[PDB]
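Trainee: Supplied in structure tokens, the structure appears directly below.
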Amino acid sequence: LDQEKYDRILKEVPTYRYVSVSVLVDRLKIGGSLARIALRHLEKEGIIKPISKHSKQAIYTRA
Amino acid sequence: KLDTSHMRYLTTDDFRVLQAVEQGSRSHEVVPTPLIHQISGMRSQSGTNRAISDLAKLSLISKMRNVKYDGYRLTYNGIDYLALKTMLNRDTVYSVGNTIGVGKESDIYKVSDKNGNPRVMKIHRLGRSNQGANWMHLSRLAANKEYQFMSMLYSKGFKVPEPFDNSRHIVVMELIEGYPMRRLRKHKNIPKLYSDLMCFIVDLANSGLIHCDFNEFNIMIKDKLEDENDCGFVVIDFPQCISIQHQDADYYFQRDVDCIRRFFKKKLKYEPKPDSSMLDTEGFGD
Amino acid sequence: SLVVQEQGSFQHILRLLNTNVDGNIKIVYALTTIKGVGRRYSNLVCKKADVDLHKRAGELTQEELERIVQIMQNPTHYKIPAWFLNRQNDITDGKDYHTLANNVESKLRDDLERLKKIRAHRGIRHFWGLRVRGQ
Amino acid sequence: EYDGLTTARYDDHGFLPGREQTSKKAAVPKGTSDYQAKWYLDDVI
Amino acid sequence: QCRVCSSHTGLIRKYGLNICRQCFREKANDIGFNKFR
Amino acid sequence: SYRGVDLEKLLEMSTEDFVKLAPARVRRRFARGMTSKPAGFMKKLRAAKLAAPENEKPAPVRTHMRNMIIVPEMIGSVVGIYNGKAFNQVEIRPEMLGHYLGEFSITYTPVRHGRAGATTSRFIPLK
RNA sequence: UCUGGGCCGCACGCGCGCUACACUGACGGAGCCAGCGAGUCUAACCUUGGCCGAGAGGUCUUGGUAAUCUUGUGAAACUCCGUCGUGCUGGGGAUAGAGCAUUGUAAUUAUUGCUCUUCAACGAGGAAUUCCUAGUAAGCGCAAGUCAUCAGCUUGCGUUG
Ligand SMILES: [Zn+2]
């Protein structure tokens with residue numbers, strides 16, 4: 001079941017604009033720990049860009 | 001407060017004098033010494049003075065002398081006592097007292113009869129004390145109108161208990177071996193009682209009575225048997241009732257239905273499968 | 001860190017030591033479901049065996065389950081010392097043990113009937129309370 | 001009659017007749033006061 | 001105890017003084033405790 | 001058993017070796033000291049033990065302290081313990097070790113609440 | 001005088017409070033800021049520092065009879081970085097058992113502290129009701145009295161506000 005949710009994260013990230021862990025779990029798809037692992041893998045990838053980082057909230061921008 | 005052990009210190013002449021005080025205090029504002037001496041119709045000044053001193057040291061009659069005007073003043077406990085004597089003349093109260101539940105305007109004790117059956121009581125202390133006449137008169141009339149409400153609710157086949165008497169503002173009720181849902185935990189046949197508890201709202205509103213404070217603390221559930229678990233639902237919402245002709249009954253009715261569905265979805269986790277009883281069908285039902 | 005996802009090979013509801021566990025929460029808090037094992041004891045049991053606890057319990061293999069089960073009955077050999085255990089210096093045999101989910105109730109019933117046949121105040125107080133609030 | 005009276009003849013002006021259903025059951029360990037025998041065989045209906 | 005009036009109630013035990021409060025409230029000025037604020 | 005130890009060897013060692021097999025409360029109680037009157041208590045205890053008929057119960061030793069740790073030289077003895085008012089004749093069995101004597105001696109009859117007939121009848125008279 | 005029990009025993013009502021029902025949060029690391037105080041003799045108080053122990057704490061010494069030492073009371077709430085995702089959950093911590101320590105002559109009706117386990121009700125509370133107009137409400141800890149040991153008791157202090 002891994003490849004289709006790979007496609008869901010790699011499709012959902014270039015659609016909407018502002019990303020946090022709460023916004024990832026408001027896609028009714030993913031858990032919050034896996035939302036952070038997708039956030040850190042996406043920061044290593046480079047589709048999103050950082051704006052502000054904090055341990056509770058972290059907003060991003062689609063690029 | 002009320003300490004009921006002290007009225008058996010009194011003789012026959014003492015509550016005869018107390019009956020003279022309550023007879024003379026309902027014609028004028030303050031009754032003096034010679035109206036108690038004359039209205040009582042008893043022989044001596046000495047016995048009147050001894051009975052008045054007996055009520056004074058038991059804090060039942062307050063001595064007041066406001067510049068050459070001797071007079072006496074009834075407190076709460078003396079009129080509680082004489083109401084319980086005229087309840088004793090109606091040969092039913094015999095032995096009184098365990099405080100279970102202290103309300104704002106009505107305090108609940110635990111009484112018995114000559115037969116020894118378990119009963120309770122409802123006193124009415126309006127203002128608790130700057131005693132006049134309006135407080136105790138309003139307590140008396142409130143007790144009277146809730147006695148007619150109580151008899152009318154018991155006479156129409158409801159699960160509302162039996163009244164006996166309305167002796168001034170002292171109201172004597174039957175004890176019910178019942179538990180609230182604070183104590184109650186789980187029941188076998190929850191949809192049958194939910195059917196009974198919407199049917200209670202239906203025939204109250206068909207009678208035209210709207211009980212408003214219909215929280216979890218209202219319902220008292222009697223356990224008649226321990227092997228078959230027979231049940232009875234006792235509802236105490238007597239001063240908060242409103243008539244069907246009032247203008248604000250709509251949010252009262254949906255508040256009652258909303259509270260019973262939220263309390264039965266919270267504790268017992270039971271959901272209503274039929275729809276909620278709405279106001280207009282019950283309005284045409286009365 | 002890095003996302004690693006696998007096509008299948010995770011189980012929703014598992015069962016270990018005749019007790020049911022669920023494979024979507026982490027290993028420690030799937031092991032809080034069984035009785036007699038809490039959080040800290042399960043942390044110590046799993047962190048002895050070099051188990052990564054950041055990952056979840058759905059990708060637990062059988063060789064991890066067998067070594068956890070092998071930790072359970074004799075923790076004293078593998079540097080899990082005396083003060084972490086529930087059975088400590090018992091009156092029956094004088095050794096130390098960690099009681100399991102079908103053995104906590106045998107321990108509790110053994111303590112209560114032992115207090116009964118001792119006829120201590122604790123025992124007669126507890127059985128009088130049970131026989132009175134039960135009735 | 002005065003034989004079957006738990007209290008004195010004051011019931012016209014005093015108490016209620018108090019019922020004392022004495023459920024006496026004997027537990028036998030060898031040598032026991034009334035307190036422990038009262039703690040052993042309490043039955044609530 | 002309070003060595004003024006045989007007081008077995010209302011003691012203050014600070015500084016090894018053991019006076020009751022109802023005797024301290026009139027002997028405070030002779031000791032040195034004066035009402036300032 | 002006490003520590004996995006068979007009982008007949010446990011009957012014949014001294015108090016210090018019981019302390020070496022004791023829990024922490026018993027060792028802390030031993031570590032400060034006793035008064036002299038339990039020596040007379042154990043003297044009259046073994047005096048009543050030595051006059052016992054064979055295969056029967058020994059003479060009762062009426063005890064009164066409720067704070068003493070059980071030390072098993074009185075295995076087989078029967079004692080009557082004061083509660084403050086009366087005596088409870090309790091025999092010592094070897095499975096009650098590590099315990100105070102006062103937990104065999106209750107202090108009150110229990111609080112009864114499931115009796116509505118006796119409660120209703122005894123209210124204060126209102127006349 | 002001597003012992004032994006209590007005043008805490010529990011269907012319960014009333015009242016003053018504590019902790020919570022959570023993600024402005026629970027947990028793990030790091031940043032770290034106070035003031036009102038108080039402290040021992042013909043005794044043993046406040047305790048610095050070093051060893052042991054998971055800890056509770058023990059032990060060996062030293063300072064202060066005090067703006068000097070505890071103490072700069074490096075307090076907590078807080079700040080950041082990671083774990084948890086709305087699931088009576090990892091919230092909550094009632095109850096209960098086992099062991100180890102400390103005070104007390106004596107701890108059972110468990111004095112108190114530590115370790116593991118048990119993880120109970122309780123999804124912002126009805127009728128009604130308490131207090132309050134600026135460093136003030138509220139949250140938060142600390143000090144002093146009760147002190148032999150613990151506070152949820154009281155009075156003050158300080159932090160954020
Ligand atoms: Zn004095």
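Please note that chains go A, B, ... in the order of the structure tokens, that every chain numbers its residues from 1, and that ligands are numbered from 1 in the order shown.
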Report as a count of residues only which protein, DNA and RNA residues come within 10 Å of ligand 1, using only C-alpha atoms (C1' of nucleotides) and all ligand atoms.
Mentor: 19
Trainee: Pick out each residue of chain F that DSSP on the backbone tags as helix (DSSP H, G or I); I need them as a PyMOL selection string.
Mentor: chain F and resi 7-10+15-19+24-30+37-50+72-74+101-104+116-121
Trainee: Once you have the residues from the selection above, write them out as a tab-separated table (two decimals), in the first residue's frame, restricted to N, CA and C atoms.
Mentor:
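Output file out-v8.tsv is given in full below:
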chain	number	residue	atom	x	y	z
F	7	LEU	N	9.93	-25.87	57.13
F	7	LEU	CA	9.50	-25.22	58.37
F	7	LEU	C	10.22	-25.78	59.59
F	8	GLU	N	10.56	-27.08	59.56
F	8	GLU	CA	11.19	-27.70	60.73
F	8	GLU	C	12.62	-27.25	60.93
F	9	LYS	N	13.32	-26.80	59.88
F	9	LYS	CA	14.61	-26.18	60.14
F	9	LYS	C	14.42	-24.74	60.59
F	10	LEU	N	13.33	-24.09	60.14
F	10	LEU	CA	13.00	-22.72	60.54
F	10	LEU	C	12.60	-22.61	62.00
F	15	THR	N	17.05	-15.23	66.69
F	15	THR	CA	16.32	-14.07	66.20
F	15	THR	C	17.12	-13.28	65.16
F	16	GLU	N	18.45	-13.27	65.30
F	16	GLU	CA	19.31	-12.56	64.36
F	16	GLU	C	19.26	-13.18	62.97
F	17	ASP	N	19.14	-14.51	62.90
F	17	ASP	CA	19.01	-15.16	61.60
F	17	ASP	C	17.62	-14.96	61.01
F	18	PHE	N	16.60	-14.72	61.85
F	18	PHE	CA	15.32	-14.26	61.33
F	18	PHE	C	15.42	-12.85	60.77
F	19	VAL	N	16.24	-12.00	61.40
F	19	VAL	CA	16.47	-10.65	60.90
F	19	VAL	C	17.20	-10.68	59.57
F	24	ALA	N	12.25	-5.20	55.42
F	24	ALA	CA	12.93	-3.99	55.88
F	24	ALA	C	12.33	-3.44	57.17
F	25	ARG	N	11.02	-3.58	57.35
F	25	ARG	CA	10.35	-3.08	58.55
F	25	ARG	C	10.77	-3.87	59.79
F	26	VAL	N	10.92	-5.19	59.65
F	26	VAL	CA	11.31	-6.04	60.77
F	26	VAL	C	12.76	-5.77	61.16
F	27	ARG	N	13.64	-5.57	60.17
F	27	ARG	CA	15.04	-5.25	60.45
F	27	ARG	C	15.17	-3.87	61.07
F	28	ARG	N	14.35	-2.91	60.64
F	28	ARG	CA	14.40	-1.58	61.24
F	28	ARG	C	13.80	-1.57	62.64
F	29	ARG	N	12.83	-2.45	62.90
F	29	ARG	CA	12.29	-2.58	64.25
F	29	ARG	C	13.29	-3.25	65.18
F	30	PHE	N	14.03	-4.25	64.67
F	30	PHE	CA	15.06	-4.91	65.47
F	30	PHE	C	16.25	-4.00	65.72
F	37	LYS	N	10.22	-6.50	79.21
F	37	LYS	CA	9.06	-7.35	79.47
F	37	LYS	C	8.70	-8.41	78.41
F	38	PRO	N	9.04	-8.31	77.11
F	38	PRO	CA	8.87	-9.51	76.25
F	38	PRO	C	9.75	-10.69	76.61
F	39	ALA	N	10.86	-10.50	77.33
F	39	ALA	CA	11.63	-11.64	77.83
F	39	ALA	C	10.84	-12.44	78.86
F	40	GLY	N	10.15	-11.75	79.78
F	40	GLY	CA	9.23	-12.44	80.67
F	40	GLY	C	8.03	-13.03	79.95
F	41	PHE	N	7.58	-12.36	78.88
F	41	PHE	CA	6.49	-12.90	78.05
F	41	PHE	C	6.90	-14.20	77.37
F	42	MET	N	8.11	-14.26	76.82
F	42	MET	CA	8.54	-15.50	76.17
F	42	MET	C	8.93	-16.56	77.20
F	43	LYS	N	9.35	-16.15	78.40
F	43	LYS	CA	9.60	-17.09	79.49
F	43	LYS	C	8.31	-17.80	79.91
F	44	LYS	N	7.24	-17.03	80.16
F	44	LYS	CA	5.98	-17.67	80.51
F	44	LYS	C	5.33	-18.36	79.32
F	45	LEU	N	5.65	-17.92	78.10
F	45	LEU	CA	5.21	-18.59	76.88
F	45	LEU	C	5.81	-19.99	76.75
F	46	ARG	N	7.13	-20.11	76.92
F	46	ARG	CA	7.74	-21.43	76.86
F	46	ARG	C	7.47	-22.26	78.11
F	47	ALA	N	7.15	-21.61	79.24
F	47	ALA	CA	6.69	-22.34	80.42
F	47	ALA	C	5.32	-22.97	80.19
F	48	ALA	N	4.42	-22.25	79.50
F	48	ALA	CA	3.15	-22.85	79.13
F	48	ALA	C	3.31	-23.85	77.99
F	49	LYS	N	4.34	-23.68	77.16
F	49	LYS	CA	4.59	-24.63	76.08
F	49	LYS	C	5.12	-25.96	76.61
F	50	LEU	N	5.96	-25.93	77.64
F	50	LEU	CA	6.56	-27.16	78.15
F	50	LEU	C	5.59	-28.02	78.95
F	72	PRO	N	9.03	-16.88	65.59
F	72	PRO	CA	8.34	-18.18	65.63
F	72	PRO	C	8.81	-19.19	66.67
F	73	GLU	N	9.33	-18.76	67.81
F	73	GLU	CA	9.45	-19.73	68.90
F	73	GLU	C	8.10	-20.13	69.51
F	74	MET	N	7.00	-19.43	69.20
F	74	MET	CA	5.67	-19.79	69.67
F	74	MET	C	4.84	-20.53	68.62
F	101	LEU	N	0.93	-8.43	65.78
F	101	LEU	CA	-0.06	-9.20	66.53
F	101	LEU	C	-1.41	-8.49	66.59
F	102	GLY	N	-1.42	-7.16	66.47
F	102	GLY	CA	-2.64	-6.38	66.62
F	102	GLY	C	-3.60	-6.47	65.46
F	103	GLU	N	-3.18	-7.03	64.32
F	103	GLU	CA	-4.09	-7.26	63.21
F	103	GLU	C	-4.91	-8.53	63.38
F	104	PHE	N	-4.67	-9.30	64.43
F	104	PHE	CA	-5.51	-10.41	64.81
F	104	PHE	C	-6.54	-10.00	65.84
F	116	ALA	N	-33.05	-0.53	57.64
F	116	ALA	CA	-33.95	0.62	57.64
F	116	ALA	C	-35.00	0.55	58.74
F	117	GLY	N	-35.30	-0.64	59.26
F	117	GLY	CA	-36.30	-0.75	60.31
F	117	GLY	C	-35.83	-0.22	61.65
F	118	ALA	N	-34.57	-0.50	62.01
F	118	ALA	CA	-34.05	-0.05	63.29
F	118	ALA	C	-33.72	1.44	63.27
F	119	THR	N	-33.37	1.97	62.09
F	119	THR	CA	-33.07	3.39	61.98
F	119	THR	C	-34.33	4.23	62.09
F	120	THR	N	-35.41	3.80	61.43
F	120	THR	CA	-36.67	4.54	61.40
F	120	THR	C	-37.34	4.56	62.77
F	121	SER	N	-37.15	3.50	63.55
F	121	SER	CA	-37.84	3.36	64.83
F	121	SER	C	-37.23	4.20	65.95
Trainee: Under the rule of at most 12 Å, produce a per-residue listing of chain G near chain E: chain, number, name, the closest pair of atoms, and the distance in Å, as CSV, using only C-alpha atoms (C1' of nucleotides).
Mentor:
residue,atom,partner,partner_atom,distance
G:144,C1',E:14,CA,10.9
G:145,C1',E:14,CA,8.1
G:146,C1',E:13,CA,8.8
G:147,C1',E:13,CA,10.9
Trainee: Dump N, CA, C and O atoms (P, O5', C5', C4', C3', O3' and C1' of nucleotides) for the selected residues as a PDB file, in the first residue's frame?
Mentor:
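Below is the file that was written, out-v6.pdb:
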ATOM      1  P     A G 144      11.504  28.320  56.275  1.00  0.00           P
ATOM      2  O5'   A G 144      10.510  29.224  57.131  1.00  0.00           O
ATOM      3  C5'   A G 144      10.952  30.411  57.777  1.00  0.00           C
ATOM      4  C4'   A G 144       9.807  31.085  58.487  1.00  0.00           C
ATOM      5  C3'   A G 144       9.040  30.194  59.449  1.00  0.00           C
ATOM      6  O3'   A G 144       9.653  30.138  60.722  1.00  0.00           O
ATOM      7  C1'   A G 144       7.518  31.333  58.040  1.00  0.00           C
ATOM      8  P     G G 145       9.218  29.001  61.761  1.00  0.00           P
ATOM      9  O5'   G G 145       8.033  29.670  62.585  1.00  0.00           O
ATOM     10  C5'   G G 145       7.286  28.904  63.510  1.00  0.00           C
ATOM     11  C4'   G G 145       5.804  29.114  63.342  1.00  0.00           C
ATOM     12  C3'   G G 145       4.911  27.941  63.714  1.00  0.00           C
ATOM     13  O3'   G G 145       4.637  27.896  65.104  1.00  0.00           O
ATOM     14  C1'   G G 145       4.186  28.937  61.668  1.00  0.00           C
ATOM     15  P     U G 146       5.529  27.019  66.111  1.00  0.00           P
ATOM     16  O5'   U G 146       4.523  25.917  66.658  1.00  0.00           O
ATOM     17  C5'   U G 146       4.402  24.665  66.002  1.00  0.00           C
ATOM     18  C4'   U G 146       2.997  24.438  65.512  1.00  0.00           C
ATOM     19  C3'   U G 146       2.641  23.008  65.151  1.00  0.00           C
ATOM     20  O3'   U G 146       2.335  22.222  66.290  1.00  0.00           O
ATOM     21  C1'   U G 146       1.858  24.473  63.462  1.00  0.00           C
ATOM     22  P     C G 147       2.876  20.712  66.421  1.00  0.00           P
ATOM     23  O5'   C G 147       4.373  20.775  65.879  1.00  0.00           O
ATOM     24  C5'   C G 147       5.309  19.765  66.230  1.00  0.00           C
ATOM     25  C4'   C G 147       6.226  19.428  65.082  1.00  0.00           C
ATOM     26  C3'   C G 147       7.713  19.601  65.351  1.00  0.00           C
ATOM     27  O3'   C G 147       8.281  18.497  66.033  1.00  0.00           O
ATOM     28  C1'   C G 147       7.143  20.501  63.217  1.00  0.00           C
TER      29        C G 147
END
Trainee: Please report as CSV every residue of chain A lying within 6 Å of chain C, along with the nearest atom pair and their distance in Å (one decimal), using only C-alpha atoms.
Mentor:
residue,atom,partner,partner_atom,distance
A:1,CA,C:7,CA,4.7
A:2,CA,C:7,CA,4.9
A:37,CA,C:3,CA,5.6
A:40,CA,C:1,CA,5.6
A:41,CA,C:2,CA,5.3
Trainee: Which polymer residues have any atom within 7 Å of an atom of stretch 244-260 of chain B, counting only C-alpha atoms (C1' of nucleotides), with same-chain residues fewer than 4 positions away left out, as a list in words?
Mentor: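 Selected residues are residues 208, 209, 210, 212, 214, 215, 264 and 279 of chain B.
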Trainee: As a short mmCIF file (atom, residue, chain, number, x, y, z; two decimals) with N, CA, C and O atoms, in the first residue's frame, please: the residues near residue D:26 (cut-off 10 Å, only C-alpha atoms (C1' of nucleotides), same-chain neighbours under 4 positions excluded).
Mentor:
data_model
loop_
_atom_site.label_atom_id
_atom_site.label_comp_id
_atom_site.auth_asym_id
_atom_site.auth_seq_id
_atom_site.Cartn_x
_atom_site.Cartn_y
_atom_site.Cartn_z
N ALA D 37 -16.76 -12.84 66.27
CA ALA D 37 -17.93 -13.58 65.83
C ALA D 37 -18.96 -12.66 65.19
O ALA D 37 -19.71 -13.09 64.30
N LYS D 38 -19.01 -11.40 65.61
CA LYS D 38 -19.81 -10.40 64.92
C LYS D 38 -19.19 -9.95 63.61
O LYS D 38 -19.91 -9.44 62.75
N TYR D 40 -17.63 -12.08 61.49
CA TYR D 40 -17.43 -13.21 60.59
C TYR D 40 -18.66 -13.56 59.76
O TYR D 40 -18.52 -13.92 58.59
N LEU D 41 -19.86 -13.45 60.32
CA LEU D 41 -21.06 -13.99 59.68
C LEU D 41 -22.12 -12.92 59.53
O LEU D 41 -23.29 -13.10 59.88
#
Trainee: Would you kindly report the residues of chain G within 8 Å of chain A, using only C-alpha atoms (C1' of nucleotides), as JSON, numbers by chain?
Mentor: {"G": [81, 82, 84, 85]}
Trainee: Pull C-alpha atoms (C1' of nucleotides) from the residues just selected and write them as a PDB file, in the first residue's frame.
Mentor:
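Below is the file that was written, result-v8.pdb:
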ATOM      1  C1'   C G  81      14.407  21.664  20.398  1.00  0.00           C
ATOM      2  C1'   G G  82      12.423  16.682  19.677  1.00  0.00           C
ATOM      3  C1'   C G  84       2.664  12.011  20.925  1.00  0.00           C
ATOM      4  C1'   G G  85      -2.576  13.005  17.095  1.00  0.00           C
TER       5        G G  85
END
Trainee: Which residue is closest to chain G? Choose from B:127, B:180, B:103, B:157 and count only C-alpha atoms (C1' of nucleotides).
Mentor: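 Checking each candidate against chain G, we get B:103 as the closest.
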Trainee: Pick out the residues sitting within 12 Å of residue D:13, and hand them over as a list in words; count only C-alpha atoms (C1' of nucleotides), and ignore anything fewer than 4 positions along from it in its own chain.
Mentor: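 Skipping anything fewer than 4 positions along the chain leaves residues 8, 88, 94, 95 and 114 of chain B; 8 and 9 of chain D; 124, 125, 126 and 127 of chain F.
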Trainee: Do a neighbour search on residue A:24 at 10 Å with only C-alpha atoms (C1' of nucleotides), toss out local chain neighbours closer than 4 positions, and write the hits as JSON, numbers by chain.
Mentor: {"A": [9, 12, 13, 18, 19, 20, 28, 29, 30, 31, 32, 34, 35, 36, 38, 39]}
Trainee: Can I get the selected residues back with N, CA, C and O atoms, as a PDB file, in the first residue's frame?
Mentor:
ATOM      1  N   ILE A   9       1.003  11.758  -1.353  1.00  0.00           N
ATOM      2  CA  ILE A   9       1.763  12.859  -0.757  1.00  0.00           C
ATOM      3  C   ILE A   9       2.459  13.687  -1.841  1.00  0.00           C
ATOM      4  O   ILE A   9       2.415  14.927  -1.816  1.00  0.00           O
ATOM      5  N   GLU A  12      -0.462  15.717  -3.404  1.00  0.00           N
ATOM      6  CA  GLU A  12      -1.146  16.677  -2.545  1.00  0.00           C
ATOM      7  C   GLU A  12      -0.255  17.858  -2.196  1.00  0.00           C
ATOM      8  O   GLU A  12      -0.755  18.976  -2.031  1.00  0.00           O
ATOM      9  N   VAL A  13       1.059  17.628  -2.048  1.00  0.00           N
ATOM     10  CA  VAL A  13       1.978  18.735  -1.742  1.00  0.00           C
ATOM     11  C   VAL A  13       2.053  19.800  -2.847  1.00  0.00           C
ATOM     12  O   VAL A  13       1.943  20.994  -2.519  1.00  0.00           O
ATOM     13  N   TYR A  18      -0.117  26.068   2.072  1.00  0.00           N
ATOM     14  CA  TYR A  18       0.492  26.183   3.390  1.00  0.00           C
ATOM     15  C   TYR A  18       0.441  24.829   4.088  1.00  0.00           C
ATOM     16  O   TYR A  18      -0.611  24.182   4.129  1.00  0.00           O
ATOM     17  N   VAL A  19       1.591  24.379   4.583  1.00  0.00           N
ATOM     18  CA  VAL A  19       1.756  23.021   5.091  1.00  0.00           C
ATOM     19  C   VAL A  19       2.161  23.085   6.556  1.00  0.00           C
ATOM     20  O   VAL A  19       3.100  23.803   6.912  1.00  0.00           O
ATOM     21  N   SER A  20       1.447  22.344   7.401  1.00  0.00           N
ATOM     22  CA  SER A  20       1.929  21.973   8.725  1.00  0.00           C
ATOM     23  C   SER A  20       1.433  20.560   9.001  1.00  0.00           C
ATOM     24  O   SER A  20       0.804  19.934   8.144  1.00  0.00           O
ATOM     25  N   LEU A  28      -7.166  13.992   5.809  1.00  0.00           N
ATOM     26  CA  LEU A  28      -7.845  12.747   6.218  1.00  0.00           C
ATOM     27  C   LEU A  28      -7.145  11.488   5.696  1.00  0.00           C
ATOM     28  O   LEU A  28      -7.782  10.491   5.351  1.00  0.00           O
ATOM     29  N   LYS A  29      -5.814  11.524   5.676  1.00  0.00           N
ATOM     30  CA  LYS A  29      -5.056  10.479   5.005  1.00  0.00           C
ATOM     31  C   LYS A  29      -3.954   9.897   5.881  1.00  0.00           C
ATOM     32  O   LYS A  29      -3.688   8.692   5.832  1.00  0.00           O
ATOM     33  N   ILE A  30      -3.307  10.735   6.685  1.00  0.00           N
ATOM     34  CA  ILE A  30      -2.015  10.381   7.250  1.00  0.00           C
ATOM     35  C   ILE A  30      -2.047  10.684   8.748  1.00  0.00           C
ATOM     36  O   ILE A  30      -2.841  11.507   9.215  1.00  0.00           O
ATOM     37  N   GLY A  31      -1.220   9.960   9.519  1.00  0.00           N
ATOM     38  CA  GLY A  31      -1.035  10.274  10.920  1.00  0.00           C
ATOM     39  C   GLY A  31       0.018  11.349  11.122  1.00  0.00           C
ATOM     40  O   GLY A  31       0.769  11.687  10.211  1.00  0.00           O
ATOM     41  N   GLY A  32       0.070  11.878  12.350  1.00  0.00           N
ATOM     42  CA  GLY A  32       0.897  13.048  12.616  1.00  0.00           C
ATOM     43  C   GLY A  32       2.387  12.760  12.662  1.00  0.00           C
ATOM     44  O   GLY A  32       3.200  13.601  12.267  1.00  0.00           O
ATOM     45  N   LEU A  34       3.841  10.316  10.929  1.00  0.00           N
ATOM     46  CA  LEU A  34       4.156  10.168   9.520  1.00  0.00           C
ATOM     47  C   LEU A  34       4.031  11.489   8.773  1.00  0.00           C
ATOM     48  O   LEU A  34       4.704  11.671   7.755  1.00  0.00           O
ATOM     49  N   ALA A  35       3.228  12.427   9.290  1.00  0.00           N
ATOM     50  CA  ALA A  35       3.225  13.784   8.754  1.00  0.00           C
ATOM     51  C   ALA A  35       4.559  14.483   9.003  1.00  0.00           C
ATOM     52  O   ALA A  35       5.060  15.195   8.126  1.00  0.00           O
ATOM     53  N   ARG A  36       5.171  14.264  10.174  1.00  0.00           N
ATOM     54  CA  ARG A  36       6.499  14.838  10.405  1.00  0.00           C
ATOM     55  C   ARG A  36       7.580  14.127   9.601  1.00  0.00           C
ATOM     56  O   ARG A  36       8.555  14.766   9.186  1.00  0.00           O
ATOM     57  N   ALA A  38       7.127  12.842   6.663  1.00  0.00           N
ATOM     58  CA  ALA A  38       6.945  13.368   5.317  1.00  0.00           C
ATOM     59  C   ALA A  38       7.423  14.808   5.226  1.00  0.00           C
ATOM     60  O   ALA A  38       7.961  15.219   4.195  1.00  0.00           O
ATOM     61  N   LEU A  39       7.257  15.579   6.310  1.00  0.00           N
ATOM     62  CA  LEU A  39       7.739  16.957   6.353  1.00  0.00           C
ATOM     63  C   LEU A  39       9.260  17.022   6.295  1.00  0.00           C
ATOM     64  O   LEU A  39       9.824  17.843   5.564  1.00  0.00           O
TER      65      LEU A  39
END
Trainee: Could you check the closest approach to chain G for each of F:78, F:11, F:90, F:106 and tell me which residue wins, using only C-alpha atoms (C1' of nucleotides)?
Mentor: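 With only C-alpha atoms (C1' of nucleotides) as the atom set, the closest residue is F:106.
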Trainee: I'd like the contact shell of residue G:101 - 8 Å cut-off, only C-alpha atoms (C1' of nucleotides), skipping same-chain residues fewer than 3 positions apart - returned as a PyMOL selection string.
Mentor: chain G and resi 56-57+113-114
Trainee: Would you output that residue set with N, CA and C atoms (P, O5', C5', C4', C3', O3' and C1' of nucleotides), as a PDB file, in the first residue's frame?
Mentor:
ATOM      1  P     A G  56      17.274  10.700  46.190  1.00  0.00           P
ATOM      2  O5'   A G  56      16.207  10.439  47.344  1.00  0.00           O
ATOM      3  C5'   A G  56      14.811  10.471  47.082  1.00  0.00           C
ATOM      4  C4'   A G  56      14.078   9.537  48.008  1.00  0.00           C
ATOM      5  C3'   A G  56      14.566   9.553  49.450  1.00  0.00           C
ATOM      6  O3'   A G  56      13.947  10.559  50.235  1.00  0.00           O
ATOM      7  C1'   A G  56      14.525   7.323  48.658  1.00  0.00           C
ATOM      8  P     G G  57      14.761  11.884  50.646  1.00  0.00           P
ATOM      9  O5'   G G  57      16.225  11.356  50.977  1.00  0.00           O
ATOM     10  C5'   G G  57      16.613  11.064  52.312  1.00  0.00           C
ATOM     11  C4'   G G  57      17.179   9.672  52.424  1.00  0.00           C
ATOM     12  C3'   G G  57      18.539   9.558  53.094  1.00  0.00           C
ATOM     13  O3'   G G  57      18.463   9.547  54.509  1.00  0.00           O
ATOM     14  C1'   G G  57      18.573   8.363  51.067  1.00  0.00           C
ATOM     15  P     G G 113       4.666  10.786  50.904  1.00  0.00           P
ATOM     16  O5'   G G 113       6.162  10.481  50.450  1.00  0.00           O
ATOM     17  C5'   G G 113       7.113  11.529  50.348  1.00  0.00           C
ATOM     18  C4'   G G 113       8.510  11.003  50.140  1.00  0.00           C
ATOM     19  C3'   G G 113       8.706  10.042  48.981  1.00  0.00           C
ATOM     20  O3'   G G 113       8.764  10.677  47.718  1.00  0.00           O
ATOM     21  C1'   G G 113       9.791   9.184  50.872  1.00  0.00           C
ATOM     22  P     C G 114       8.171   9.928  46.426  1.00  0.00           P
ATOM     23  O5'   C G 114       9.273   8.833  46.066  1.00  0.00           O
ATOM     24  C5'   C G 114      10.586   9.211  45.678  1.00  0.00           C
ATOM     25  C4'   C G 114      11.476   8.005  45.524  1.00  0.00           C
ATOM     26  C3'   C G 114      11.038   6.990  44.479  1.00  0.00           C
ATOM     27  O3'   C G 114      11.419   7.346  43.162  1.00  0.00           O
ATOM     28  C1'   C G 114      11.600   5.864  46.487  1.00  0.00           C
TER      29        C G 114
END
Trainee: As a PyMOL selection string, please: all residues of chain E that backbone DSSP puts in strand (DSSP E or B).
Mentor: chain E and resi 2+7+11+20
